[PDB]
Structures are given as structure tokens and as C-alpha cells.
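Engineer: Below is final_20.tsv; it holds TSV, C-alpha atoms.
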chain	number	residue	atom	x	y	z
A	13	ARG	CA	-19.60	-142.54	-62.02
A	14	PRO	CA	-19.09	-139.10	-60.44
A	15	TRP	CA	-15.66	-137.53	-60.48
A	16	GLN	CA	-13.17	-138.26	-57.70
A	17	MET	CA	-10.62	-136.15	-55.85
A	18	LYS	CA	-7.89	-136.72	-58.44
A	19	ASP	CA	-10.05	-135.47	-61.32
A	20	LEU	CA	-10.89	-132.26	-59.47
A	21	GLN	CA	-7.26	-131.76	-58.47
A	22	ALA	CA	-6.14	-132.13	-62.09
A	23	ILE	CA	-8.88	-129.82	-63.35
A	24	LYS	CA	-7.89	-127.09	-60.90
A	25	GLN	CA	-4.13	-127.50	-61.36
A	26	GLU	CA	-4.19	-127.45	-65.17
A	27	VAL	CA	-6.01	-124.10	-65.16
A	28	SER	CA	-4.43	-122.48	-62.11
A	29	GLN	CA	-2.71	-119.73	-64.11
A	30	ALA	CA	-5.52	-118.87	-66.52
A	31	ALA	CA	-8.37	-116.54	-65.56
A	32	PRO	CA	-12.05	-117.50	-65.24
A	33	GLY	CA	-13.70	-117.51	-68.63
A	34	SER	CA	-10.44	-117.60	-70.59
A	35	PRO	CA	-10.48	-119.92	-73.64
A	36	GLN	CA	-8.28	-122.43	-71.80
A	37	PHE	CA	-10.50	-122.51	-68.72
A	38	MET	CA	-13.57	-122.76	-70.92
A	39	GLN	CA	-12.06	-125.67	-72.84
A	40	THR	CA	-11.20	-127.66	-69.72
A	41	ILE	CA	-14.41	-126.93	-67.80
A	42	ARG	CA	-16.57	-127.69	-70.84
A	43	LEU	CA	-14.76	-130.99	-71.35
A	44	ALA	CA	-15.26	-131.93	-67.69
A	45	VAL	CA	-18.95	-131.03	-67.74
A	46	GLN	CA	-19.58	-132.90	-71.00
A	47	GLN	CA	-17.56	-135.94	-69.84
A	48	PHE	CA	-18.71	-136.61	-66.27
A	49	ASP	CA	-22.40	-135.71	-66.81
A	50	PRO	CA	-22.93	-134.10	-63.38
A	51	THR	CA	-26.04	-132.64	-61.80
A	52	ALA	CA	-26.38	-129.17	-60.27
A	53	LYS	CA	-25.05	-130.29	-56.87
A	54	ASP	CA	-21.74	-131.49	-58.27
A	55	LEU	CA	-21.43	-128.35	-60.39
A	56	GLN	CA	-21.86	-126.21	-57.26
A	57	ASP	CA	-19.16	-128.26	-55.53
A	58	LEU	CA	-16.84	-127.77	-58.49
A	59	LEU	CA	-17.41	-124.01	-58.57
A	60	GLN	CA	-16.77	-123.72	-54.84
A	61	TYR	CA	-13.50	-125.60	-55.30
A	62	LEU	CA	-12.34	-123.56	-58.29
A	63	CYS	CA	-13.16	-119.88	-57.75
A	64	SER	CA	-13.63	-117.74	-54.66
A	65	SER	CA	-16.88	-116.50	-53.14
A	66	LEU	CA	-16.84	-113.36	-55.30
A	67	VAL	CA	-16.65	-115.25	-58.60
A	68	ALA	CA	-19.14	-117.74	-57.19
A	69	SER	CA	-21.62	-114.94	-56.48
A	70	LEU	CA	-21.16	-113.32	-59.89
A	71	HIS	CA	-21.71	-116.65	-61.64
A	72	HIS	CA	-24.71	-117.27	-59.40
A	73	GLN	CA	-26.33	-114.01	-60.48
A	74	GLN	CA	-25.55	-114.52	-64.16
A	75	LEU	CA	-26.88	-118.08	-64.10
A	76	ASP	CA	-29.99	-116.90	-62.29
A	77	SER	CA	-30.64	-114.48	-65.14
A	78	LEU	CA	-29.91	-117.09	-67.82
A	79	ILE	CA	-32.11	-119.75	-66.22
A	80	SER	CA	-34.69	-117.01	-65.75
A	81	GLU	CA	-34.95	-116.25	-69.45
A	82	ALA	CA	-34.61	-119.89	-70.53
A	83	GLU	CA	-37.37	-121.35	-68.38
A	84	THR	CA	-39.58	-118.26	-68.61
A	85	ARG	CA	-39.65	-118.83	-72.37
A	86	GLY	CA	-40.80	-122.41	-71.74
A	87	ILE	CA	-38.68	-125.50	-72.27
A	88	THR	CA	-39.60	-128.90	-73.68
A	89	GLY	CA	-38.86	-130.88	-70.51
A	90	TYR	CA	-39.48	-128.23	-67.82
A	91	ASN	CA	-42.70	-128.54	-65.83
A	92	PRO	CA	-42.88	-125.64	-63.33
A	93	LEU	CA	-45.35	-127.43	-61.02
A	94	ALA	CA	-42.69	-129.78	-59.59
A	95	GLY	CA	-39.83	-127.51	-58.50
A	96	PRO	CA	-37.05	-125.17	-59.59
A	97	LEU	CA	-34.73	-126.19	-62.40
A	98	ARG	CA	-32.01	-126.65	-59.77
A	99	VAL	CA	-34.07	-129.52	-58.31
A	100	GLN	CA	-35.28	-131.11	-61.54
A	101	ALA	CA	-31.68	-131.20	-62.77
A	102	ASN	CA	-30.88	-133.26	-59.64
A	103	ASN	CA	-33.34	-136.03	-60.59
A	104	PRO	CA	-31.52	-138.59	-62.80
A	105	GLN	CA	-34.69	-139.10	-64.91
A	106	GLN	CA	-34.67	-135.56	-66.36
A	107	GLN	CA	-31.52	-135.59	-68.48
A	108	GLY	CA	-32.86	-132.79	-70.67
A	109	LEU	CA	-33.00	-130.47	-67.67
A	110	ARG	CA	-29.53	-131.64	-66.66
A	111	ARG	CA	-28.04	-130.80	-70.05
A	112	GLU	CA	-29.79	-127.44	-70.15
A	113	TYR	CA	-28.45	-126.70	-66.66
A	114	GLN	CA	-24.94	-127.63	-67.75
A	115	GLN	CA	-25.08	-125.37	-70.80
A	116	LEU	CA	-26.53	-122.42	-68.88
A	117	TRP	CA	-23.82	-122.96	-66.26
A	118	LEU	CA	-20.95	-122.93	-68.74
A	119	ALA	CA	-22.30	-119.95	-70.69
A	120	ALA	CA	-22.83	-117.97	-67.49
A	121	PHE	CA	-19.32	-118.74	-66.28
A	122	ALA	CA	-17.93	-117.75	-69.69
A	123	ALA	CA	-19.79	-114.41	-69.59
A	124	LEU	CA	-17.69	-113.11	-66.67
A	125	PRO	CA	-14.81	-111.19	-68.33
Rewrite the structure of this file - the entire thing - as C-alpha cells.
Structural biologist:
Amino acid sequence: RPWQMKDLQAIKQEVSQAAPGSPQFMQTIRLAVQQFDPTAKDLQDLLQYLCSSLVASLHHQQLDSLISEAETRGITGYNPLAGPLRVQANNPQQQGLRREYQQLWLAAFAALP
């Protein structure tokens, strides 16, 4: 049950005025992420739709650092012999990795301003 075009259109329109990482944007994006239960691929699509290449790159770097610390510590469900967290989160049998990816994503995007 992935999102459709209308959901993305509403998500972008409702937060057109606000700035990335504002409380309003964080509310709406967090609700979307917690409601649709998407993988990393869909999150990348959503970010490409919402913010430009500059904000995309900044979030990419911040999320790289956050994932770096998180999975360098060692995580309950992460096994580094199978692939990067971006790929484990895309397997529907690793929901723990998917939820960790979602939370790192939202925190990274919130850490912009």
C-alpha cells in the first residue's frame, strides 16, 4: 500500500510555504513516514519531489553521518555481511532496519536549520 500521486501532491502543497525542518514540515513528514511505512527507495523519491538538489545533498550528508554512527555502534537487526543499511531497509523482512532508516531520515532532515 505505497502512497499514490495524490498523497504526495497533498504533502507537498500543505507545506509549500514552510521551510525544511520547520515544526510544521516535521509534523507532516513524520506523519507521512509513520503512516505509509515506506522503504529507503520511496523516501528518496519523496525527498527528490519535495526539496531541491542542494537540500537533497545536505540531507544526504547528514544522514550518511547519522547512519554511520548508528550502525558503527552496532544495531540489533543489522548484519554488515549482507549489504548497506540502504539495501537491508529495502527488504520487506527487515522491518527493524526500515524503522531505524525512517527515524535517521527524519532526524537528519530536521537537523538542517
Engineer: Within 9 Å of residue 48 of chain A, counting only C-alpha atoms, which residues show up once you throw out same-chain ones fewer than 3 positions away? Write them as a list in words, please.
Structural biologist: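 My list of contacting residues is residues 13, 14, 15, 43, 44 and 45 of chain A.
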Engineer: Between A:122, A:109, A:52, A:116, which is the closest to residue 87 of chain A once you count all atoms listed in the file?
Structural biologist: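 With all atoms listed in the file as the atom set, the closest residue is A:109.
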Engineer: Which neighbours of residue 97 of chain A fall inside 10 Å, counting only C-alpha atoms, when residues of the same chain fewer than 4 positions from it are skipped, and could you give them as a ChimeraX atom specification?
Structural biologist: /A:52,79-80,83,90-92,101-102,109-110,112-113
Engineer: So what do you get for atom CA of residue 27 of chain A versus atom CA of residue 74 of chain A, distance-wise?
Structural biologist: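 Between atom CA of residue 27 of chain A and atom CA of residue 74 of chain A the gap works out to 21.8 Å.
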Engineer: Could you work out how far atom CA of residue 59 of chain A lies from atom CA of residue 100 of chain A, giving the answer in Å with one decimal?
Structural biologist: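 Spanning atom CA of residue 100 of chain A to atom CA of residue 59 of chain A is a straight-line distance of 19.5 Å.
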